[PDB]
Number of protein chains: 2
Amino acid sequence: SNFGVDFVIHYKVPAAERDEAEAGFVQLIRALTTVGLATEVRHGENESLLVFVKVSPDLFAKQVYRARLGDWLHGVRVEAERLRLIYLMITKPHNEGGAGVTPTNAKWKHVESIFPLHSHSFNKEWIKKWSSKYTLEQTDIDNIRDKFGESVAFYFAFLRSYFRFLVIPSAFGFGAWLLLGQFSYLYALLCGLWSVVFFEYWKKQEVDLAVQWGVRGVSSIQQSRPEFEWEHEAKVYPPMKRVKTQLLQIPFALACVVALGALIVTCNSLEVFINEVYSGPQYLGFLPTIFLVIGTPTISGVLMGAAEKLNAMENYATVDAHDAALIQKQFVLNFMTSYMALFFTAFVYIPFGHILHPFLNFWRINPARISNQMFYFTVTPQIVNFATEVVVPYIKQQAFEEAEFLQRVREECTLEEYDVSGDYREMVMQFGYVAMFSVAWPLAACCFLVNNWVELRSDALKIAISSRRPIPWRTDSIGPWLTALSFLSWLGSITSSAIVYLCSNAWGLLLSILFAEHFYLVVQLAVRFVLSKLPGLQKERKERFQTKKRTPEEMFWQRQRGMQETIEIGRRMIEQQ
Amino acid sequence: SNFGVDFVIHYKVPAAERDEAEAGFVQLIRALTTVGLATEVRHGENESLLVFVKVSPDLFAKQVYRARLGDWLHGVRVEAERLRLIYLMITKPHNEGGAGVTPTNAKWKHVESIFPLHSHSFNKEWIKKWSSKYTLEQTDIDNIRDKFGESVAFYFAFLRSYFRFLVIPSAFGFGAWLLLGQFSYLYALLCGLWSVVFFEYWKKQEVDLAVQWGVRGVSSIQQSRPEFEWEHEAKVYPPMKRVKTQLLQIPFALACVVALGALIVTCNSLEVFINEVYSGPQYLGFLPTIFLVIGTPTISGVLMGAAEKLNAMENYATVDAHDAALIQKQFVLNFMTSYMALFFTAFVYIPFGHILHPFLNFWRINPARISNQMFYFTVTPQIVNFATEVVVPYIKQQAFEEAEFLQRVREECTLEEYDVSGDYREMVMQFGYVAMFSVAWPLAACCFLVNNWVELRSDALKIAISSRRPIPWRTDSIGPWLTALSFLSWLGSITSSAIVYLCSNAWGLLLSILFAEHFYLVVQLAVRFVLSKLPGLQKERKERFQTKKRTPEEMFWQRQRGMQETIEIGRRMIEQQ
Ligand SMILES: [Ca+2]
Ligand SMILES: [Ca+2]
Ligand SMILES: [Ca+2]
Ligand SMILES: [Ca+2]
């Protein structure tokens, strides 16, 4: 159990520059005590001064009231909220209610990060409860909300909904595999319909969850990025410079396209070479695909590093815009590196495979090859992700008065900050696989379902012991990933459909693509209309109802009288008629 | 000038049933005086008792305050508003603030309608000002808002925006006609882009106008229809009965499809017969098209009567749903009766004209025919609409103490109530023509532009003298017509494109259709994003800003001190390091 410590700051103090660190440290303590936070300083590991800060209940209550009033201002209207408020008062510059200690913008370059402490007593209980169940009720998601903020709870709710909705993919995929053979248009139509209904129902459930948790309209609120650099003060930046920096993303995009496409082209060429000339023992015929998948995490990580460097050099005023741009770049890179192989196999080799002949000549036809390639690109990448996610940190950690608490905090500081965008990206990639290439191997979704049941626990374990406690945040939605999902769905509505024509056989292909796209749009509109007729609206309506309960013309008008003589002349005129 | 009379009620009193009319009349006077309205009764024409009602300023001010409070409840927050409030207090049943005098539901079957008086002094000035100008400023639309409510102002603003945006259609249509010959893909792409940008900019301007007029969120408010009939009281109706009545619209739809399609098929067959066998004098070769257009208003009117009868027999709880259903039916019928001829000419006769040969045999090839057919279906239907709109009521009216004021009101009562859905339907049909068939005749849009300049005045004149004063209403948007417009745009993105392939020549047609649709979607997303970066938001933000300003752990924490000894041990640990 913790000692009531709310937040911990590292403040590494290296031997070099040991003349301004003390001044920065004393300024940090003075500023942090100015906002009224109790502090305690202890030693750490490798010349570090770990400072633990906590809350005078009157000031905390005043801050909570101010935050609630601010939320009421924007129309928005527990451990997570308290920790969030403490972090906000720690981070918000001293301009209005806080003291700037951001480790990026101002002079606080000697601190690593500010993180909340992790409670092992709750963590072990949560892990045991989640691993001893089969399905997760809303109480578990509510507990995740109350402990690890709103973003983590939103991600876990999305994962649970996706895993639950994947049960029908597996159902009719197994049905098609057992009976409908391979490359059936009906399976593609059912997959598109499921993607549409899943997207719409997830949006509805997400709005319901936002209403329940009281985080409606949080996305509208804009939070300034401390790392943002301005030039004038109207804190403004020239948009021309921003678009100039953005234009750098284009040549990077084409360069990565060329590099990855060339790599996949050579791998495909050599694999078809060895499949055509080597008798082998089947399994060895697709070994380059497994090798490419195994190497995918390294190049993906270096590409994510390059993308995050580009985003950091791209000045963004607010947190939301920076996050959206980073998500867009990461999604583009992952889509590329995880789908170009299948795209080349399906829409390049299958329709016209005579263009790869020069590669075969340098080294020294079967529609069914895409099915095996999709089987591999479904089974093995999730295994590699599992290995790099859960079991390799296990190996790394196995390789390595109140002193035990200090040792626990010191070991916690080395743990990297847990991020949610990575898990969202993995889930979006899996959904794209399902929506775009399940026709080649209908069983694939089923496998993903199994993986999801592990992931919904495994990622939880990733939060527990392999990472430090995430900083609570409020997000109205899951972010731009939402839109990304829709895009993938639309792409599936073409992609899989075209595959059905390509692996079973010009005019027919275009007709099938057009029909599938129009059917996708029709069912999208139909499901949107159906869900428009159906939660949180009743609670909002009840809240709204409860708040609710909380001279010619003078002679003409002075002709006879008021009411009585009027009806007198009424009967008079009736009789005259 | 009027005598200060606010509203007028007819209350026809025929010779038959002259025993309950007097009781109904006395009940009407008592109920209307209960809500505090001065009344005056005079004779009319053909056994009618015209009653004029006006407002005690205290009660009117109280009603205005109550209405403003109700608008504040729903988040929404001049002669038109005053007249609307008077009509609301006249119509709202006596359950809460009013007295039910609706001429449909309750016993008030002896009254024709309740209408506001028309001011000729303002009307003649407005007509002269609009006819003496070239372009209309926002002041004219504001005056229309303050006089004839919000729906009329919204319609006139939409017409003005559409006429202004039609100037580029005419520009590049004349450019293509002079240089690019006929059936150019570039013209189709430009037409689709213009449709997209016009739709998006009209939505933006419409939101801006709603913000300016303070009618934001009015569409969310639901108004009960007095004619609605219920069975239980939870005022509810079984949805199964409603869908059973709705299902009747399907066989009616196919029956009208069959009838109109057969009529157009015979007309086309006979016109091609006479064009192939009769030397004539060209103009006489398309005479059946002119005859069909001239007969179109009669069948369109009978079909609108059938559709409104079906809608009336279809019980709708609220005004908004009833209006949406009626608009949907009317739009479907008009789309059918005004576009099936062109659709048959373009996508049936041109691709495979050998199926009409049996009709030619019973009676007893050229891509360029669609251009002439579109020329006729652009020039002559607007002429017929003009004839049936402005000049025929002119002929009808030429054929036919304070007594002159009474005579003026009596002549006003015979005038039919002006509706806006008809003008919206005409404009939507014109926009559909432009978006779907301008490739056949690029000059068509230009002609429409000219007509619009007349229409923006002519329809105004239709309000002035050929119809009674419309009852003011608030509408947040232009209604389901909005969505209809989008549909037409999408259809154009296919239709015109296909025409380009059909009049210039299977795989190519499908490729062109797919490319045009995808280009339309791409520019739609691009224009939506561009407009998302750009009004009323600043005023809302300023209003929002203005409203804003309106024991181990005890020993651990009690280790040394508060601030000072903390920094003492801070330097101590720094030195120890
Ligand atoms: Ca995983
Ligand atoms: Ca994961
Ligand atoms: Ca007209
Ligand atoms: Ca009109």
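Residues numbered from 1 in each chain as written, not as in the entry; some residues may be left out. Chains lettered and ligands numbered in written order. Heavy atoms only, no water. Residues with missing side-chain atoms left out of burial classes, pairs and counts.

Chain A carries the name Lipid scramblase nhTMEM16 in the PDB entry, which gives Fusarium vanettenii 77-13-4 as its organism. Of chain A, the UniProt comment under Subcellular location (unreviewed entry) reads exactly: "Membrane". (UniProt positions renumbered as here; feature names shortened; annotations may be inferred.)

This paragraph deals with the coordination of the calcium ion (ligand 2). Residues and elements named next belong to chain A. Protein coordination at the calcium ion (ligand 2): the donors are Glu389 (OE), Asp423 (OD), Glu426 (OE), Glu455 (OE), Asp459 (OD) and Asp459 (OD), at 2.3 to 2.5 Å from the metal. For the calcium ion (ligand 2), the 6 donor atoms in the first shell make angles of 55 to 166° at the metal, so the coordination geometry reads as irregular. Separating the calcium ion (ligand 2) from the calcium ion (ligand 1) is a gap of 4.2 Å, which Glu389 spans by donating to each of them. Note on accessibility: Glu389 and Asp423 belong to one class, buried. (Donors = N, O, S within 2.8 Å, 3.2 Å for Na, K, Ca; no water. Tetrahedral: all angles 85-135°; square planar, octahedral: opposite > 155°, others 65-115°. Buried < 20%, exposed > 50% of the residue type's maximum accessible area, 1.4 Å probe, protein only.)

Residues and elements named next belong to chain B. Around the calcium ion (ligand 4), the protein contributes the donor atoms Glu389 (OE), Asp423 (OD), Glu426 (OE), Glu455 (OE), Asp459 (OD) and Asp459 (OD), at 2.3 to 2.5 Å from the metal centre. Between the 6 donor atoms coordinating the calcium ion (ligand 4), the angles at the centre fall across 55 to 166°, so the site counts as irregular. Between the calcium ion (ligand 4) and the calcium ion (ligand 3), a separation of 4.2 Å is found, and both are coordinated by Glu389. The same class applies to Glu389 and to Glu426, which are both buried.

Turning to the interface of chain A and chain B, a few remarks are in order. In this assembly, 48 residues from chain A lie in contact with 48 residues from chain B. Looking at the side of chain A that touches chain B, the elements that each hand over two or more residues are α1 (21–34), β2 (38–43), β3 (49–54), α17 (481–502), α18 (507–532), α19 (536–549), α20 (552–557) and α21 (564–576) of chain A. Per element, the largest residue contribution to the side of chain A that touches chain B is 8 residues, and it comes from α18 of chain A. Broken down by class, the residue content of the side of chain A that touches chain B amounts to 27 nonpolar, 9 polar and 12 charged. (Contact = heavy atoms within 4.5 Å. Helix = DSSP H or I, 4+ residues; strand = E, 2+ residues; numbered from the N terminus. Nonpolar A, V, L, I, M, F, W, Y, C, P; charged D, E, K, R; others polar.)

Bringing the side chain of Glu271 of chain A into the picture now. Residues and elements named next belong to chain A. By the element assignment, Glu271 lies in helix α9 (residues 249–277). Of the residues examined, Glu271 reaches a relative accessible area of 2% and is grouped as buried. When residues no more than four places from it in sequence are discounted, the contact partners of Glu271 are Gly285, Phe286, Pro288, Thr289, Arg369 and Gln373.

On inspection of all chains with the given rule, the structure shows 101 aromatic pairs over all chains. Note on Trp194 of chain A and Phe198 of chain A: the rings are 5.5 Å apart at their centroids and 10° apart in plane angle, and the pair reads as stacked. A residue pair is termed a helical-turn pair when its members lie 3 or 4 positions apart in one helix, as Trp194 of chain A and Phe198 of chain A do in helix α7 (residues 185–213) at 4 residues. Given the relative accessible area of 3%, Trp194 of chain A is considered buried. When its relative accessible area of 0% is taken as the criterion, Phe198 of chain A is described as buried. Seen from their ring centres, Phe331 of chain B and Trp481 of chain B are 6.4 Å apart, and the 80° between their planes marks the pair as edge-to-face. Comparing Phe331 of chain B with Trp481 of chain B, the two get one shared label, buried. Across the ring face of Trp453 of chain A, the terminal group of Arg457 of chain A is positioned such that the distance to the ring centre comes to 4.1 Å. (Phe/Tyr/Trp six-rings, centres within 6.5 Å; stacked < 30°, edge-to-face > 60°. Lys NZ or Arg CZ within 6 Å of the ring centre and 35° of its normal.)

Time to look at the sheet that holds β3 of chain A. All names here are of chain A. Strand order across the open sheet formed by 4 strands is β2-β3-β1-β4, with antiparallel pairing between neighbours. Two strands close off the open sheet at either side, each with one partner strand: β2 and β4 (114–116). Pairwise comparison of adjacent strand axes, ignoring direction, gives a mean angle of 25° for this sheet. Note that strand β1 (residues 7–9) and β3 share 3 bridges and pair antiparallel. (Pairing = 2+ DSSP bridges. Axes fitted to C-alpha atoms, helices over the stretch in contact; angles between N-to-C directions.)

To continue, consider the domain arrangement of chain A. Residues and elements named next belong to chain A. For chain A, the assigned domains are domain 1 (7–117) and domain 2 (124–534). Computed from C-alpha coordinates alone, the two centres of domain 1 and domain 2 are separated by 35 Å. Counting residues at the interface gives 26 residues for domain 1 and 24 residues for domain 2. Elements with a minimum of two residues in the side of domain 1 that touches domain 2: β1, β2, β3, α3 (79–91) and β4. The dominant element in the side of domain 1 that touches domain 2, judged by the number of residues it contributes, is α3, at 6 residues. The class makeup of the residues in the side of domain 1 that touches domain 2 is 13 nonpolar, 9 polar and 4 charged. (Domains from an automatic or database assignment.)

This brings us to the side chain of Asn268 of chain A. Mapped onto the secondary structure, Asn268 of chain A falls in helix α9. What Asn268 of chain A contacts, discounting residues up to four positions off in sequence, is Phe344, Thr345 and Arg369 of chain A.

Residues and elements named next belong to chain B. The strand order across the open sheet formed by 4 strands is β2-β3-β1-β4, and the pairing between neighbours is antiparallel. Of all strands in the sheet, those with a lone pairing partner are β2 (38–43) and β4 (114–116), marking the two edges. Neighbour to neighbour, the strand axes of the sheet diverge by 25° on average, direction disregarded. In the sheet, β2 pairs with strand β3 (residues 49–54) via 6 bridges, with the strands oriented antiparallel. Bridging across to β3, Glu40 finds its partner in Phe52. Across the sheet, helix α1 (residues 21–34) touches β1 (7–9), β2 and β3, and the angle it forms with β2 is around 150°. The strands touched by helix α3 (residues 79–91) are β1, β3 and β4; relative to β1, the strand with the most contacts, the crossing angle is about 35°.

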